[PDB]
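Trainee: In their complex positions, the first chains:
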Amino acid sequence: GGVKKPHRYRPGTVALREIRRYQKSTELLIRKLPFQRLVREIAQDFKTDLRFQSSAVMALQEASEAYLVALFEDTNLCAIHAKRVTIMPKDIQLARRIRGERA
Amino acid sequence: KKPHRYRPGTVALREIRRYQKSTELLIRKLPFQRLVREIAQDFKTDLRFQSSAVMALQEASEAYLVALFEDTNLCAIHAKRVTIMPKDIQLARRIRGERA
Amino acid sequence: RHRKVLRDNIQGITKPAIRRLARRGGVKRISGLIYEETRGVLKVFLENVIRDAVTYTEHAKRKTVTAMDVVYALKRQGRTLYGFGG
Amino acid sequence: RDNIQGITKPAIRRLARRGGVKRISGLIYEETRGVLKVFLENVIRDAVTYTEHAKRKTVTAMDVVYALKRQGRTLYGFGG
């Protein structure tokens, strides 16, 4: 063409680039304020008028991202065991049944 | 002469029913006792065993292997098979955190 | 002397954040239903933890949920955390 | 005949059936044996450590029960 076909990475290339990137870093991946509201909202539905040390909220965020990330590694093993590269709700459910959790 | 044969999978379902109905131990005893004593011998020699001790070990092992076969089956079924394979036992132990 | 009603904050765990978490967990491709499933699984996890943390807080007759409360609650459920207490 | 082979296909097959398993690959038998060996090593090692500490030479049901509990595999019905 004129300025020819604008460059385009093939599906999967940027995704691999992403795993390399996030796997080598340590920051919290969920935005902070929205995660703080989720915490306040769930807490409130158990007991009204509660306050929070800011580090209490940071502790729940670290615990939560560590729990999700490890659950996605297990979910990824269930997808691959099934010969797929795409994780699905059934992969997450299989990982939690075997882990002995539920919901 | 007498030509009667059940289809592959029919006796197998009958066995599942029979064995889930019952509670007895399923590994023969002496063989298990021997295995236990041999494994123990590498941690300490001239050891004796209360009878109730070998029995507790057998009850724990069989409950463990049976429960491992349930998760293993779930992994085979997840992969659309009905036959459990070593990779299913492996996937199941890996997720349980036992690794090996 | 005022307000603000908290609702639907689970949608604050956005599709990009969930994708980042999956990337760190080594996931390459994500189906469209994973996002509502992840939200449900996070809600349950936080409910269980916040429920125990708030129980320690009340027991101590405090109104403030402390990092220690969270740390003991994470410990009771077998999810020990280092960096605040344990 | 090695002891671990005393745990036979038929016995392994019965455990799987109680586990609701329908069809078994041939390689499953050796794998199950390795798994049982590891489970038994982890538990006996802890039982025997309780025995030695008590200065006995007889592994008791309680030593096995405390070993199982330590590993998150609590057993009811044998004391403790």
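Mentor: Thanks, I have the structure now. Numbering: from 1, shown residues only, chains lettered A, B, ... in the order given.
Trainee: CA atoms for contacts and neighbours, from now on please.
Mentor: Will do.
Trainee: For residue A:12, which non-adjacent residue is spatially closest?
Mentor: Closest residue to residue A:12 apart from its sequence neighbours, by Cα to Cα, 6 or more residues apart in numbering or on different chains: residue C:28 at 7.1 Å.
Trainee: Assess the claim that the one you found and residue A:17 are in contact.
Mentor: No - Residue C:28 is beyond contact range of residue A:17, at 9.8 Å (criterion: Cα atoms under 8 Å).
Trainee: higher neighbour count, the two?
Mentor: For residue C:28 versus residue A:17, neighbours defined as other Cα atoms under 10 Å in any protein chain shown are more numerous around residue C:28 (21 against 12).
Trainee: In contact with the more buried one, which residues?
Mentor: A:12, A:15, A:16, A:19, A:85, A:86, C:22 (Cα atoms under 8 Å, 6 or more residues apart in numbering or on different chains).
Trainee: With residue C:51 instead?
Mentor: Residue C:51 is in contact with A:43, A:46, counting by Cα under 8 Å, 6+ apart.
Trainee: The top helix by length along chain A to helix B:51-78, inter-axis angle?
Mentor: Counting residues, the longest helix found in chain A (DSSP state H) is helix A:54-81. Interaxial angle, helix A:54-81 versus helix B:51-78 (axes from the mean of the first three to the mean of the last three Cα atoms, to 10 degrees): 70 degrees.
Trainee: Helix A:54-81: which residues count as buried?
Mentor: Across helix A:54-81, burial judged by 16 or more other Cα atoms under 10 Å in any protein chain shown covers A:56-66, A:68-79, A:81.
Trainee: for chain A, what spans make up the helices?
Mentor: A:13-23, A:32-44, A:54-81, A:89-99.
Trainee: Chain E next, sequence below:
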Amino acid sequence: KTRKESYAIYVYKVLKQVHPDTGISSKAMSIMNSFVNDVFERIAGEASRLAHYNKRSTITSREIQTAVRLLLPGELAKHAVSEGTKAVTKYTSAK
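Mentor: Below, chain E sits with the chains from the block before:
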């Protein structure tokens, strides 16, 4: 021969109020005794951890109570607490 305490006779009494005409095998009683010992241990343990977190030395019925809320699943806890408050009350009011 040294005495081994057990919860068996109390388990049997509770059994009688519940199914006056039912029995219980030896192996089953051994299981119930393990169950009772296990639950008391998890409860006293949490209750003393509670006491320690709060820089206190007394295990009061209030710690036993929070420990039950931490250890039992919803309904079980609802009734258990209820059974607990009810025994203390009936005992507080006596001679």
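Trainee: For the nearest residue to residue C:81 once chain neighbours are set aside, which three-state class applies?
Mentor: Closest residue in space to residue C:81, ignoring its immediate chain neighbours: residue C:71 at 6.4 Å, by Cα to Cα, 6+ apart. Three-state assignment for residue C:71 (DSSP: H, G, I helix; E, B strand; the rest coil): helix.
Trainee: quick one: residue C:71 from residue E:37, how far?
Mentor: Noted for residue C:71: a distance of 28 Å to residue E:37, by Cα to Cα, to the nearest Å.
Trainee: more crowded one of these two?
Mentor: Between residue C:71 and residue E:37, counting by other Cα under 10 Å, residue C:71 is the more crowded of the two (24 against 16).
Trainee: measure that one to residue B:47 for me?
Mentor: Counting by Cα to Cα, the gap from residue C:71 to residue B:47 is 44 Å.
Trainee: Residue C:85 contacts residue C:69, correct?
Mentor: No - using Cα under 8 Å, residue C:85 is not in contact with residue C:69; the gap is 9.8 Å.
Trainee: of those two, who's got more company?
Mentor: Remark: of residue C:85 and residue C:69, residue C:69 carries more neighbours, 24 against 13, as counted by other Cα under 10 Å.
Trainee: phi, psi of residue 27?
Mentor: Since you didn't name a chain, this refers to chain A. Backbone geometry at residue A:27, expressed as degrees, to the nearest 10, gives phi -60, psi 160.
Trainee: before we move on, what about residue C:65?
Mentor: For residue C:65, the backbone dihedrals (degrees, to the nearest 10) come out as phi -80, psi 120.
Trainee: which residues does it bridge with?
Mentor: Under DSSP bridges, the beta-bridge partners of residue C:65 are residue A:52.
Trainee: Kindly incorporate the sequence below as chain F:
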Amino acid sequence: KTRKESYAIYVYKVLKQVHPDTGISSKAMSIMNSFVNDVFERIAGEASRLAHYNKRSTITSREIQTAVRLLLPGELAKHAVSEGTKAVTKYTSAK
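Mentor: This next block brings in chain F, placed alongside the chains you saw above:
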């Protein structure tokens, strides 16, 4: 009162012996502080039960050793046991 015990000065000493020119961020020291408390709670716990199971009321260096053999993985146990032994023997050699 207000003063809270920490293991940080001791962790720093050990860090200087293994890596003389290496520092530790406060976040990292916080983790090491939790790690040490955790391991100690686990060892004292196992030593107590261990004593209990044997109808003993005294927790000696012998209970601590067995606690250590139950808690650490193969090789870490051997080296820890030998360092435990060495420090007891030296300690008693002065009394």
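Trainee: again for the buried residues of helix A:54-81, chain F present now?
Mentor: Of all the residues in helix A:54-81, those buried under the rule 16+ other Cα under 10 Å are A:56-66, A:68-79, A:81.
Trainee: ok, is it in contact with chain F or not?
Mentor: No - Helix A:54-81 stays out of contact with chain F when judged by Cα under 8 Å from any Cα of the partner chain, the minimum separation being 12.7 Å.
Trainee: Tell me the gap between that helix and the middle of its chain.
Mentor: From the chain centre to the centre of helix A:54-81 is a distance of 6 Å (Cα atoms, centre = their mean, to the nearest Å).
Trainee: That helix versus helix C:15-24: what angle between them?
Mentor: Relative orientation of helix A:54-81 and helix C:15-24, computed by the same axes, to 10 degrees: 60 degrees.
Trainee: between helix A:54-81 and helix C:34-59, how big is the angle?
Mentor: Counting by the same axes, to 10 degrees, helix A:54-81 points 140 degrees away from the direction of helix C:34-59.
Trainee: tell me the angle of helix A:54-81 relative to helix C:67-76?
Mentor: 30 degrees.
Trainee: Touching, residue C:64 and residue A:49? I think so.
Mentor: No - counting by Cα under 8 Å, residue C:64 does not reach residue A:49; the two are 9.1 Å apart.
Trainee: And for residue A:87, the neighbour number?
Mentor: Count around residue A:87 with other Cα under 10 Å applied: 25.
Trainee: list the contacts for it?
Mentor: A:75, A:76, A:79, C:27, C:29, C:30, C:31, C:34.
Trainee: one more time with 10 Å, if that's ok
Mentor: For residue A:87, the contacting residues are A:72, A:75-80, C:22, C:27-34, by Cα atoms under 10 Å, 6 or more residues apart in numbering or on different chains.
Trainee: Could you do residue A:12 as well?
Mentor: A:18, C:28, C:29.
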